[PDB]
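**Student:** Take this structure first; my questions come after.
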Ligand SMILES: *[C@@H]1O[C@H](CO)[C@@H](O)[C@H](O)[C@H]1NC(C)=O
Ligand SMILES: CS[C@@H]1[C@@H](N)[C@@H](O)[C@@H](O)[C@H]1O
Ligand SMILES: [Zn+2]
């Protein structure tokens, strides 16, 4: 294994280093507005060294943006694909690249057989080429690496099955900035090349100047370079035709033959295209070749990539003709005029890369190495695209919920082969596809029109219901005596209970377990643990009586705590935000202990009075002017008092002190220790009254944030043996700090209401001497060092926080883990901040044509880990990565992949069993089985099950922490006959494994394995 901590990679371009050196001046470069006037030597190209030009036709098709997926499919994409098929069939020389498999699959399945065959033939013959081959072209900022993989696999599995092709070149022209998570996954999925486009205009200028726009992109910790993937960054402002022929868009626009008038398009530079004729072809070619030779100066080989396309292009037959015929006249002239020394033709993306690497092998060029990312993007001036790190945060949180439910459904159902009538494969395919669709760069980003957001939400809701059905059928099969098991595949044996989605105050969607002497004495509940190690976690359920006790399936008592059910109400009469208690529903909380990738059953039983092993929380309501708060049978009366500072400690864990407004002020780790200042504060950013306005994409604050005026908020303290909390009703946020004996959990019920032109931020203020350094993650995969740059505006110092961020000095670290992607930063030493929601009246002029006014209540979740790090073995000051500790990593897992809870729906579960998976290996804590997926249907003689294994890297801080077991995924199911290492999509076998044993992976590595079973 490579050491990912102690060896700083030597690379030609390291993006943090480059950022520190660059000036970011936005000067007028002339016709290339963000560059300079490119010069070339006409003698560079000659009869023995020609410029090879590949014109690559393409059409960018968003799976939802202004229209829904289906609306675009009906109005545009089905015609584009139908006309591509006809035109490429009839014109053997014409080429076209296609990216979005969600659309292609929808189209292909609707084709008659004769046309399916024609389509297969133009792909087989190389005219139509798939690039990337994912279900979508995903966002790279907010997406979790697990879901980027899921959608890539969904599209490529479809392509292998129906087209018989697996792309090895990736095309990502539209995500708003770029992540090294992409080359990481692609390179482990058989890819050899990738292309990107939306990077900061200053970065394009800088790399262009050094001919570093093509580079071998390796991971920031990779000293050897085995993660490296060849990457091509396009040089200009857009991928449209005006910005792809060369530096001068007034010229390139004249070579977009759809812009002459009849298609309702024109050139903003006020010079139109003209149809190519024998009388103008020479002068037109003079102009175009000069653009091409200018572009070619920015690159190292004699092979030039010229994309030819734009959004939803190549729709009309007459459009295919006008582009093809005019380009063909140009090619015939140029290629026959030796003085140009150019050979130009239509080509595909792969053809481009193959010729580039042929030039490389001939010794004509060597490429620089690069590590780092390409956030935060700005396309011009101070317009930084950090708003979409937060836009539509309800659906951002929904993404992470569905992410986990898809994993749990695939894993629970993977243990068995299912009859087709169970509709398991059907429901799993729907769930994967709707989650995969939402990875689109207008889905999770929150940059789609309101009605499209609705469509993505409805699709995800159906996906959640699909996952629940599969999960609950799987639990029933796994925990029922086989000779008793009698499934109705349409029946609901269990319902899922989820405490944090949609979350209390977002939906009264939690079912109460109804017990009573005259109806039902007891209820079975089951917990699933998708992680491959034993896990204990507190779980809660609503019950109809406070007098409930818990047993395990050996009838051993389990310690439990009952608390009231509190709901917060904005009282339009008294103009206060205050909590109400239920007088008929209560919460019971107990510690569940669940095997690795396993299940554990418990029983809740009512009694007529307080049970021996159940305790009751106290409750203290702090406000002036209190009124009574009855709680039915709950055995402890609520107490009242004026607002005051309070301190809490659960178990032997930290002691937390809170201000009289209910906000954290300090954390004391142990009995002896300092009360370390750690202050939560809520603030608001506004919008500029003159100049550019914030919108779905752009964050353009009118200065630093101002504190939210809190008034005198109502504070509720619940103190229990197992769980305590402080909750406060602030304007727009019910803010909750929950303590279970370790790092607290924070929950914010965020309802920005009708506060127009407002962004609500949650800030942590500490005295940690972090200076200008902080760390944020990329796609939940890795943590990258950030440096706050005062030479850039505030919004440029915002980065994606897809799952966590931290600051540290020599002694102390504070880590905030998230259950949803949001934007954030550290705008001053000792600070962390993360945006909660944003409501914007204005559009930001990128084409969406609306502001963001469709906010809805969202429950954001966090864990907050304050730790001593003076003993941790950390990377050197020059290393671009950072790494979590064990506690911070486990805290992240508790948010992203909590225990699943199932409530038995009927009165009696006959043949019920107490546990599944007690014999599963309990793997080392840094190892995860990210995916478990059965790959075969029940009719296959040879069953195959796929596993993705990911090992993170955790800091060595002096904890001996050992005693675990080797996890060999290939032996998890019986009767193994073969074990293969595969690409991460499972589509190609890479290694036939000795003894049928899947080795564990190295820190920061991910591998896939497929086990084959004869049973
Ligand atoms: C699928 O592609 C491979 C590539 O070598 C080819 O050998 C095989 O015959 C193809 N199967 C078909 C034509 O369906
Ligand atoms: C950023 S403009 C971009 C458009 N190019 C469109 O494809 C959609 O993705 C929108 O967000
Ligand atoms: Zn797009």
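What you see of chain A is 94-1108, where the numbers are those given in Swiss-Prot.
Each Cβ is built from the backbone N, Cα and C atoms, and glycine gets one as well.
Swiss-Prot feature annotations, pasted as is:
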ACT_SITE  267  active site, nucleophile
BINDING   153, 155, 267, 534  Zn(2+) binding site
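Would you situate these features in the structure and describe their surroundings?
**Tutor:** Of all Cβ atoms in the shown protein chains, 19 besides its own fall within 10 Å of the Cβ of residue 267 (active site, nucleophile). According to DSSP, residue 267 (active site, nucleophile) is assigned to coil rather than to any helix or strand.
The secondary structure of residue 534 (Zn(2+) binding site), as reduced to three states from DSSP, is coil rather than helix or strand. Other Cβ atoms within 10 Å of the Cβ of residue 534 (Zn(2+) binding site), summed over all protein chains shown, number 26.
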**Student:** I'd like to know which of the binding-site residues 153, 155 has the most other Cβ atoms within 10 Å of its Cβ.
**Tutor:** 155
**Student:** Rounded to a whole number, how many Å is the Cα of residue 267 (active site, nucleophile) away from the Cα of residue 534 (Zn(2+) binding site)?
**Tutor:** 7
**Student:** Neighbours of the Zn(2+) site 153, 155, 267, 534: Cβ within 8 Å of the Cβ centroid, same chain, sequence order.
**Tutor:** 154, 158, 230, 266, 268, 404, 533, 535
**Student:** In the three-state scheme derived from DSSP, which category covers residue 155 (Zn(2+) binding site)?
**Tutor:** coil
